[PDB]
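Okay, so here's the structure we're looking at.
What follows draws every value from the coordinates through simple rules; no lab data is involved. Because the Cβ atoms are built from the backbone with ideal geometry, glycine has one as well, and the counts that use them run over all protein chains shown.
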Amino acid sequence: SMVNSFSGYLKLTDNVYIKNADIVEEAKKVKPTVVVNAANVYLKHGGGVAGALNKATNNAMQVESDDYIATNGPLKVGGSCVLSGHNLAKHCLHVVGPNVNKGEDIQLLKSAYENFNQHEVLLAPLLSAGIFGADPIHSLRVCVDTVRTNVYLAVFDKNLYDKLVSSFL
Ligand SMILES: O=C(O)[C@@H]1CCC[C@@H]1c1cccc2[nH]ncc12
């Protein structure tokens, strides 16, 4: 009964909010209906956000994900799937942003964010940021220009959070 209890976010637009927070700790506190994972097409949750979310589930997310890939095959870059949220959320929306460190087309970042519009409210990281190699300022731009549903962005590093907020407007 205290689900989606987001607290302390700064409003960027009518529907995009941001906080300097650890997304795993935020998921455990606010009990969101949906937490977004920064996934790859094989749902191999090794590093960055995906490795942290999987570790918090004691590898249950990876076991479920490997079964999903055995049944369905890999996702597309820009695509997503809904799986269990385990101890983090009702659901995990695994979204595949382009990985610039693999030379993937940054133009697929808009298609990746469009997955968010299928959910009324989400706790999310910035897609294609961090270990995926895209400029986080650009990822925030594409997020605010694409997502229309209510998205709560968790940015771990205070210094990156300050750069994103300070430069947004
Ligand atoms: O080699 C990698 O980068 C990892 C290791 C496990 C397989 C995975 C992978 C293979 C091919 C394409 C990929 N795109 N995002 C991940 C990915």
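Taking every DSSP bridge with both residues inside the chain, close to 30 percent are antiparallel. Placing +1 on each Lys and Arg Cβ and -1 on each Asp and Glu Cβ, with no other charges, gives the chain a dipole about its Cα centre of roughly 220 debye. Kirkwood's formula applied to the C-alpha pairs of region 10-165 gives a hydrodynamic radius of 15.2 angstrom. Looking at region 80-166, the GluC sites (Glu not before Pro) that sit in a DSSP loop and have at most 15 other Cβ atoms within 10 Å of their own Cβ are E120. The overall shape of region 58-99 is oblate: from the C-alpha gyration tensor, with semi-axes ordered a ≥ b ≥ c, the ratio a/c is 1.5 or greater and a/b is no larger than b/c. Any of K55/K90; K55/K102; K76/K158; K19/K55 with alpha carbons more than 20 Å apart? Name them for me. The answer is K55/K102; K76/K158; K19/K55. Which one of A56, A21, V95 has its Cα pushed farthest toward the positive end of the charge dipole of region 10-165, where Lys and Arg give +1 and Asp and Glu give -1 at the Cβ? Final value for the positive-end residue is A21. For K163, a cut-off of 14 angstrom between C-alpha atoms picks up these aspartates and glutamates, skipping any fewer than 8 places away in its own chain: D135.
Peptide packing for 40-51, 122-133 was compared via the average number of neighbouring C-beta atoms within 10 Å per residue; ordered from the highest value, the list is 122-133, 40-51.
The packing ranking of peptides 74-85, 28-39, 8-19, 157-168, highest mean first, is 28-39, 74-85, 8-19, 157-168, where packing means the average number of other beta carbon atoms within 10 angstrom of each residue. Taking the Cα centre of each part, how many Å lie between region 59-108 and region 114-143? About 14 Å separates the Cα centre of region 59-108 from the one of region 114-143.
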